[PDB]
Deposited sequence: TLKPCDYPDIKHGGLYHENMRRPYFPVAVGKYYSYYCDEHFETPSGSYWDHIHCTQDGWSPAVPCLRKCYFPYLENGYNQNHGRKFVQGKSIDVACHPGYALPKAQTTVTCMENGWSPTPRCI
C-alpha cells in the first residue's frame, strides 16, 4: 500500500509516517475526517487498514448532512444527522421544481427548503 490519499480527511502524524510507504499488509494507521465528515465508526476519526484489495475502508470519510429547520414545513427531522447516500421527503407546510432530498458528497441535494 502506497501512502493513502484520503478524500475529506487524512492520516495522523502524516509527516512522521510518509517516509515509510509503500507499507506492508497488516499495517493500519489512525486517520481523521474533515468537517461535515465522519468515519464509518461514527467518529470523525478511525483507522485505515492495508488489505490485499487496497486500503480499507474504501470510503474512509463520509459526508453527514444535518437536516435544517423548515421555515414553512414540518420539522420532525430537524437537527437529524444523515449519512452520505440517504434520500428524504419534505413535508412542507409551500413546497420544494419539485417536491426528495439526498445527502451528497457536497451536501444536501437539492437544498431542503419549503418555498
* Can you give me the gaps, meaning deposited-sequence stretches with no C-alpha coordinates, in sequence order? => 1 to 4, 98 to 99, 103, 107
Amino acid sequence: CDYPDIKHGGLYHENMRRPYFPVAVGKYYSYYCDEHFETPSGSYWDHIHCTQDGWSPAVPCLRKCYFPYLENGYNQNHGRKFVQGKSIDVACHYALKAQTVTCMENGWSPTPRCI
From here on, numbers count along this sequence of modelled residues.
* Selected stretch [higher average CA B-factor]: 14 to 22 or 102 to 110 -> 102 to 110
* Averaged over C-alpha atoms, is the B-factor higher for 23 to 31 or for 36 to 44 in this PDB entry? -> 36 to 44
* Looking at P60, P68, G85, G54, which has the highest Cα B-factor in the entry? -> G85
* Position of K81 among the chain's modelled residues by C-alpha B-factor, lowest, middle or highest third -> highest
